[PDB]
Every structure is written in structure tokens, then in C-alpha cells.
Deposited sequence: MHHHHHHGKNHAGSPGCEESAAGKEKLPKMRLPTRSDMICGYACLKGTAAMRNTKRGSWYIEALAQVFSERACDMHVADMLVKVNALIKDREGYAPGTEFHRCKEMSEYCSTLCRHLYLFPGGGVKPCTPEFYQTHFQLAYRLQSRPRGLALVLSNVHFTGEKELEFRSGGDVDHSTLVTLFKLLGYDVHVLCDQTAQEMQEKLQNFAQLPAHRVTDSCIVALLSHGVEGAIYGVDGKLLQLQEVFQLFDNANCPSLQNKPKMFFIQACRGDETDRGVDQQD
């Protein structure tokens, strides 16, 4: 018998209280680093170690925008993990999760970029770059990629529950969900300005509501703010 929630790992563009940076040309700092790391290293490095390389890149980057409050600002990513084995994706077999099915799993990419103005939420310029980057990466890593753009909080909950219940999970070895939106600490915005709690999202995939993904790695990437301020950084002693 199993705990209610297990075998999950979650990557965050930023730390509690802080905000995530986005480049209006290139996309978010985090997706750009995440895609760069996974592309080059998925053949010989497990996911946890790989999010450590991503942490390394994010920690060295700084903002460039002379004039604005964003000049030289900083960012720190993080990951939180309940995995119980290595996650090698295999694009070592013995002490790592079974990851051998074709496709490797279903993957969902859920970008909110355009906002209907019910609250004061800005156009996520560069959001289209993030979205494309993740769909190609997940398709290259062997995943059946579902996508979903510009949803309300209600639509998001309902279709994320749909995605969790799909029969296809019975026959695959892993799962991936990537949420890119405006957010607050513990929740992200639908395009209608309404919030969705991340706990509820993770709940829809746990061992009690999503028994078809029991004991297989589930992988959440969350590109949203967790605060209202910017990080000016510290100098090095």
C-alpha cells in the first residue's frame, strides 16, 4: 500500500515570495535554461540532476535593461521532489524508474499568454516562445504532447482533470505537465484573472485520484510568479 501523494517532482521558475523573469524576445529565463539542459543531457543525466544544472544557469544570469528597475536583477529556480528512484528519461536501467514505453508518457503544455482584462494582468510577451520550446522538447523526448492555450481557471481545472483521467496513462511509464501563466504563491491565473491552486493540480495526479499513474514519475514544470517584487541581488564578498 501507498501514500496519497508520491513519485512527483516539480520545477519552479522562482522562489516563494519572488518573481520570475521573462525576456520579451527570447522567453522566460527558466524555460530557456530548462530546454537547453534537457536537450543536451537527457541521454546521460537524470531529471533531478538536470534541474540542478538549470539552477546553475539561472543563478549566473542577470537582467539587461538599462534604465528600468529590471537592470541587473536576479532569479533563482528550484525543484521539490518526492521521487523514490532516479528519473532517467532514456531518449542504468536498474535503480531508476521504468521508462521504456512508446510514447514515454503523455505531456500537457498549458500556456496562458493573452488575458481578457478582468483583472490587471499583462500580455505575456515571450510566452509564445516558451510554449513552442516545450512542445518541441517534449515531442523530441518521446512524449505524446497535448497542448492548451489561454484558459480560464475553471477551464484549466476541468481539462487538467480530463487529462489526468485519460485511459492512455494505463499503458505509459511517465507523465509531464507544464503550466505557464501569471501566478501568485501557490496558484496560477486563468485568463479571466481567477486563480487555480497548485495543490489542487497536484491532487488530480496523486495515487488516490489518478491510480493509473501509480508508482510512475510525474513531472511538473511551473513558470509563474510567486510574489510581487523583483530581486536586485547581492554582491559577492
| item | value |
| --- | --- |
| Deposited residues without C-alpha coordinates, grouped into stretches that follow sequence order | 1-30, 122-135, 282 |
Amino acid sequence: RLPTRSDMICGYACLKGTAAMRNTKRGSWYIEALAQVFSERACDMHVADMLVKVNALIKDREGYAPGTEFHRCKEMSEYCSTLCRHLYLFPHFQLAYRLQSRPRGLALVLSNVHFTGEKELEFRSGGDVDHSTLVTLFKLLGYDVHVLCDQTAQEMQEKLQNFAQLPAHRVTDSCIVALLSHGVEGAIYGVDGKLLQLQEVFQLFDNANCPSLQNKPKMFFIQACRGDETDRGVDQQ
From here on, numbers count along this sequence of modelled residues.
{"property": "Between 62-70 and 172-180 (mean CA B-factor, as deposited), the higher", "result": "62-70"}
{"property": "Average Cα temperature factor in the PDB entry - higher stretch of 210-218, 14-22", "result": "14-22"}
{"property": "From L106, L99, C84, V129, residue of greatest CA B-factor", "result": "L99"}
{"property": "Top residue by Cα temperature factor, when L141, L148, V113, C80 are compared in the entry", "result": "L141"}
{"property": "Within-chain third of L134 by Cα B-factor, per the entry", "result": "lowest"}
{"property": "Assigned third (lowest, middle, highest) for the C-alpha B factor of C43", "result": "highest"}
{"property": "CA B-factor ranking of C225, expressed as a third of its chain", "result": "highest"}
{"property": "Chain third (lowest, middle, highest) by recorded CA B-factor, residue given as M156", "result": "middle"}
{"property": "Assigned third (lowest, middle, highest) for the C-alpha B factor of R1", "result": "highest"}
